[PDB]
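Worksheet: one structure, shown below.
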Amino acid sequence: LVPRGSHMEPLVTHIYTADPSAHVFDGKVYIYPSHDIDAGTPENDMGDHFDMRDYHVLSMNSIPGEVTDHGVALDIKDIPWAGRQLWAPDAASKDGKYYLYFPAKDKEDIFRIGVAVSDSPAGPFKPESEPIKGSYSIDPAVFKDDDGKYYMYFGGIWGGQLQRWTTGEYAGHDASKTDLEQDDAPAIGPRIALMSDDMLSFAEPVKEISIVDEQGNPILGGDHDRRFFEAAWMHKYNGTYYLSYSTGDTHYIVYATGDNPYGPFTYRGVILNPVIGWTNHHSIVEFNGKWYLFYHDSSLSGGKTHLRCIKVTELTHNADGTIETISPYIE
Ligand SMILES: [Ca+2]
Ligand code: NA
């Protein structure tokens, strides 16, 4: 039991970890990451090489600090609706219950988002027997706004299948493997829905978020440096709403700002430059008055994209609301 997270070192090494969603529950940091395994499945752009099967919840009392692995919180074998692939999760707390939101493919090989419930932030969690009605695609972030309303941000293109949901019904397994394939049109936007009071469903039809440049024009499909790929995250600073996300094939975490949960959000700049390994996935959390960026890389595995490790670093906002770009391997 030794302290970790002082010089951007891996927070845990006994398992591979990715896609960290960090929260402060009960005055502690709780982290909800994917648990990477060396499944030896084929590698490709639809992500079959990411064949995760369970979640472990991690916690820290301080940063740096000892990282507690609380064991298996949820196993894919116990989720009745799920076929494969437990991808980037998140958690929320309401009225003394804890909710784990997770993307997984159903038995028709279509990504949906499910919820599982516990009395403890560390789990374990009991999955609902079906996924959230009207959910689709991947990478949920459930954000509690200051007014007590909770919103799920979600979506991912390419293997996350968001490009196959243009009409509210799945376009089929022969549909686009990437995006709309119209680079001069506006890019695909992430999704948002207000959550129900009981946290098991959406309280409205799912909305799509507009992301625009500094001149107010939509980010285009061809603009891979700035357009949404996956890993939506929401935080607030100065009353401004910050939508951050991964750009996928250009390997950035970027951010965009707006004045309400639904946007539009105006692209501002880069949160995190590219890491070791193809994927880049993060969260941003305030703990004891300091802001932290949780992220991952493939450093521990010697550069294997599907065997990752989570890390943390301090994140600096300026008073005008801009954020200083982090480069992962400099200081
Ligand atoms: Ca996430
Ligand atoms: Na910048």
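Here's how to read the names in the structure tokens: chain A, B, ... by the order shown, residue numbers from 1 in each chain, ligand numbers from 1 in the order shown.
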Which residues sit within 8 Å of ligand 1, counting only C-alpha atoms and all ligand atoms, listed as a PDB file with C-alpha atoms, in the first residue's frame?
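The resulting file, result-v1.pdb, is reproduced below:
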ATOM      1  CA  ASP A  19     -11.122   5.766 -19.598  1.00  0.00           C
ATOM      2  CA  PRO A  20     -11.030   7.208 -16.052  1.00  0.00           C
ATOM      3  CA  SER A  21     -14.171   8.924 -14.756  1.00  0.00           C
ATOM      4  CA  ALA A  88     -15.794   3.616 -20.816  1.00  0.00           C
ATOM      5  CA  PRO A  89     -18.085   3.961 -17.749  1.00  0.00           C
ATOM      6  CA  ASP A  90     -19.182   6.713 -15.344  1.00  0.00           C
ATOM      7  CA  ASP A 139     -18.965   6.673 -23.369  1.00  0.00           C
ATOM      8  CA  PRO A 140     -21.565   8.102 -20.973  1.00  0.00           C
ATOM      9  CA  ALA A 141     -20.792  11.044 -18.705  1.00  0.00           C
ATOM     10  CA  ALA A 231     -15.323  10.587 -24.510  1.00  0.00           C
ATOM     11  CA  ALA A 232     -17.684  13.501 -23.754  1.00  0.00           C
ATOM     12  CA  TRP A 233     -17.177  15.066 -20.333  1.00  0.00           C
ATOM     13  CA  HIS A 281      -9.758   9.461 -22.750  1.00  0.00           C
ATOM     14  CA  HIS A 282     -10.163  11.594 -19.672  1.00  0.00           C
ATOM     15  CA  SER A 283     -12.115  13.310 -16.971  1.00  0.00           C
TER      16      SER A 283
END
Name all residues at most 7 Å from residue A:112 (count only C-alpha atoms; drop same-chain ones fewer than 4 positions away) and give them as an NGL selection string. :A and (103-106 or 131 or 135-138)
Atom pair atom CA of residue A:264 / atom CA of residue A:155: separation (Å):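 Computing it gives 16.3 Å between the two atoms.
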Taking the DSSP assignment computed from this structure's backbone, write out as a ChimeraX atom specification all residues of stretch 146-315 of chain A that belong to strand (DSSP E). /A:150-154,191-194,207-208,211-212,230-237,240-246,253-258,265-272,283-287,290-297,309-314
Distance filter 7 Å around ligand 2, atoms: only C-alpha atoms and all ligand atoms, out as a PDB file with C-alpha atoms, in the first residue's frame:
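In the end it all went to selection.pdb:
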ATOM      1  CA  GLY A 269      -8.541  24.622 -27.677  1.00  0.00           C
ATOM      2  CA  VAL A 270      -6.640  21.553 -26.527  1.00  0.00           C
ATOM      3  CA  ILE A 271      -6.823  20.052 -23.018  1.00  0.00           C
ATOM      4  CA  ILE A 323      -7.381  26.212 -19.887  1.00  0.00           C
ATOM      5  CA  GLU A 324      -3.632  25.687 -20.222  1.00  0.00           C
ATOM      6  CA  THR A 325      -2.911  22.832 -22.617  1.00  0.00           C
TER       7      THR A 325
END
Report as a PyMOL selection string all protein, DNA and RNA residues lying within 8 Å of residue A:36, evaluated on only C-alpha atoms, omitting residues in the same chain fewer than 3 positions from it. chain A and resi 15-18+50-52+306-308
Store the residues picked out above in a file with N, CA, C and O atoms, as a PDB file, in the first residue's frame.
ATOM      1  N   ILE A  15      -3.403  -4.145 -12.514  1.00  0.00           N
ATOM      2  CA  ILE A  15      -4.324  -4.356 -13.631  1.00  0.00           C
ATOM      3  C   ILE A  15      -4.150  -3.206 -14.611  1.00  0.00           C
ATOM      4  O   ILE A  15      -3.640  -2.152 -14.243  1.00  0.00           O
ATOM      5  N   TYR A  16      -4.590  -3.416 -15.839  1.00  0.00           N
ATOM      6  CA  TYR A  16      -4.605  -2.353 -16.842  1.00  0.00           C
ATOM      7  C   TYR A  16      -5.920  -1.583 -16.734  1.00  0.00           C
ATOM      8  O   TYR A  16      -6.976  -2.175 -16.533  1.00  0.00           O
ATOM      9  N   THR A  17      -5.844  -0.264 -16.853  1.00  0.00           N
ATOM     10  CA  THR A  17      -6.976   0.611 -16.587  1.00  0.00           C
ATOM     11  C   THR A  17      -7.047   1.699 -17.638  1.00  0.00           C
ATOM     12  O   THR A  17      -6.021   2.164 -18.138  1.00  0.00           O
ATOM     13  N   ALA A  18      -8.267   2.112 -17.964  1.00  0.00           N
ATOM     14  CA  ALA A  18      -8.476   3.121 -19.002  1.00  0.00           C
ATOM     15  C   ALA A  18      -9.732   3.930 -18.743  1.00  0.00           C
ATOM     16  O   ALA A  18     -10.547   3.586 -17.903  1.00  0.00           O
ATOM     17  N   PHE A  50     -10.657  -4.126 -28.011  1.00  0.00           N
ATOM     18  CA  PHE A  50     -11.092  -3.666 -26.693  1.00  0.00           C
ATOM     19  C   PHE A  50     -12.230  -4.574 -26.231  1.00  0.00           C
ATOM     20  O   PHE A  50     -13.396  -4.312 -26.529  1.00  0.00           O
ATOM     21  N   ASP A  51     -11.895  -5.631 -25.495  1.00  0.00           N
ATOM     22  CA  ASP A  51     -12.859  -6.689 -25.188  1.00  0.00           C
ATOM     23  C   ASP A  51     -13.002  -6.869 -23.689  1.00  0.00           C
ATOM     24  O   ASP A  51     -12.959  -7.981 -23.161  1.00  0.00           O
ATOM     25  N   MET A  52     -13.214  -5.747 -23.012  1.00  0.00           N
ATOM     26  CA  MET A  52     -13.272  -5.714 -21.573  1.00  0.00           C
ATOM     27  C   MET A  52     -14.568  -6.372 -21.080  1.00  0.00           C
ATOM     28  O   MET A  52     -15.606  -6.369 -21.770  1.00  0.00           O
ATOM     29  N   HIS A 306      -4.491  -1.357 -26.589  1.00  0.00           N
ATOM     30  CA  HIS A 306      -5.589  -1.960 -25.809  1.00  0.00           C
ATOM     31  C   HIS A 306      -5.234  -2.349 -24.369  1.00  0.00           C
ATOM     32  O   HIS A 306      -6.073  -2.930 -23.670  1.00  0.00           O
ATOM     33  N   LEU A 307      -4.007  -2.048 -23.930  1.00  0.00           N
ATOM     34  CA  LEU A 307      -3.566  -2.317 -22.566  1.00  0.00           C
ATOM     35  C   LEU A 307      -3.021  -1.017 -21.975  1.00  0.00           C
ATOM     36  O   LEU A 307      -1.849  -0.654 -22.172  1.00  0.00           O
ATOM     37  N   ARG A 308      -3.894  -0.320 -21.259  1.00  0.00           N
ATOM     38  CA  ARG A 308      -3.652   1.053 -20.858  1.00  0.00           C
ATOM     39  C   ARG A 308      -3.465   1.164 -19.349  1.00  0.00           C
ATOM     40  O   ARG A 308      -3.715   0.221 -18.599  1.00  0.00           O
TER      41      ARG A 308
END
Rows by chain and residue number, stretch 224-319 of chain A within 12 Å of stretch 2-14 of chain A, shortest pair, only C-alpha atoms, as a tab-separated table:
residue	atom	partner	partner_atom	distance
A:292	CA	A:5	CA	11.0
A:293	CA	A:8	CA	10.6
A:294	CA	A:8	CA	9.9
A:295	CA	A:8	CA	9.9
A:296	CA	A:10	CA	8.4
A:297	CA	A:10	CA	8.8
A:298	CA	A:10	CA	9.9
A:299	CA	A:10	CA	8.3
A:300	CA	A:10	CA	7.4
A:301	CA	A:13	CA	9.7
A:307	CA	A:13	CA	11.0
A:308	CA	A:10	CA	9.4
A:309	CA	A:10	CA	5.8
A:310	CA	A:10	CA	5.8
A:311	CA	A:10	CA	5.1
A:312	CA	A:8	CA	5.9
A:313	CA	A:8	CA	6.2
A:314	CA	A:8	CA	9.6
Å distance separating atom CA of residue A:57 from atom CA of residue A:22, one decimal place: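 Computing the Euclidean distance for atom CA of residue A:57 and atom CA of residue A:22 yields 10.2 Å.
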Near stretch 71-78 of chain A, counting only C-alpha atoms, which residues have an atom at most 12 Å away, once you skip same-chain residues fewer than 4 positions from it, shown as a ChimeraX atom specification? /A:14-15,31-35,51-59,82-87,89,91,98-106,114-118,120-130
Give me the residues within 8 Å of stretch 181-195 of chain A as a PyMOL selection string, counting only C-alpha atoms and dropping any in the same chain fewer than 4 places off. chain A and resi 149-156+163+176+199-211+218-223+227-228+230+232+262
So, with only C-alpha atoms as the atoms that count, which of A:79, A:25, A:170, A:239 lies closest to residue A:320? A:239
Find the residues near residue A:62: any atom within 9 Å, counting only C-alpha atoms, skip ones fewer than 6 places away on the same chain, and give them as a PyMOL selection string. chain A and resi 3+28-29+287
Please save N, CA, C and O atoms of the selected residues as a PDB file, in the first residue's frame.
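Full text of part-v3.pdb as output:
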ATOM      1  N   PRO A   3       1.829   5.340  -1.764  1.00  0.00           N
ATOM      2  CA  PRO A   3       1.171   6.462  -2.452  1.00  0.00           C
ATOM      3  C   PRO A   3       1.576   6.605  -3.925  1.00  0.00           C
ATOM      4  O   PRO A   3       2.738   6.365  -4.270  1.00  0.00           O
ATOM      5  N   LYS A  28     -13.749  11.593  -0.801  1.00  0.00           N
ATOM      6  CA  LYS A  28     -12.674  10.790  -1.404  1.00  0.00           C
ATOM      7  C   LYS A  28     -12.820  10.896  -2.902  1.00  0.00           C
ATOM      8  O   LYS A  28     -13.921  11.151  -3.386  1.00  0.00           O
ATOM      9  N   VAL A  29     -11.730  10.642  -3.624  1.00  0.00           N
ATOM     10  CA  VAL A  29     -11.794  10.507  -5.070  1.00  0.00           C
ATOM     11  C   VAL A  29     -12.146   9.052  -5.411  1.00  0.00           C
ATOM     12  O   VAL A  29     -11.456   8.140  -4.976  1.00  0.00           O
ATOM     13  N   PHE A 287     -10.948  18.625  -6.629  1.00  0.00           N
ATOM     14  CA  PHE A 287     -10.783  17.905  -5.360  1.00  0.00           C
ATOM     15  C   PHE A 287      -9.978  18.786  -4.411  1.00  0.00           C
ATOM     16  O   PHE A 287      -8.857  19.180  -4.734  1.00  0.00           O
TER      17      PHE A 287
END
Go ahead and compute the interatomic distance for atom CA of residue A:225 and atom CA of residue A:250, in Å to one decimal. 5.7 Å
Using only C-alpha atoms, can you tell me which of A:276, A:289, A:253, A:61 comes closest to residue A:302?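 Between A:276, A:289, A:253, A:61, the residue approaching residue A:302 most closely is A:276.
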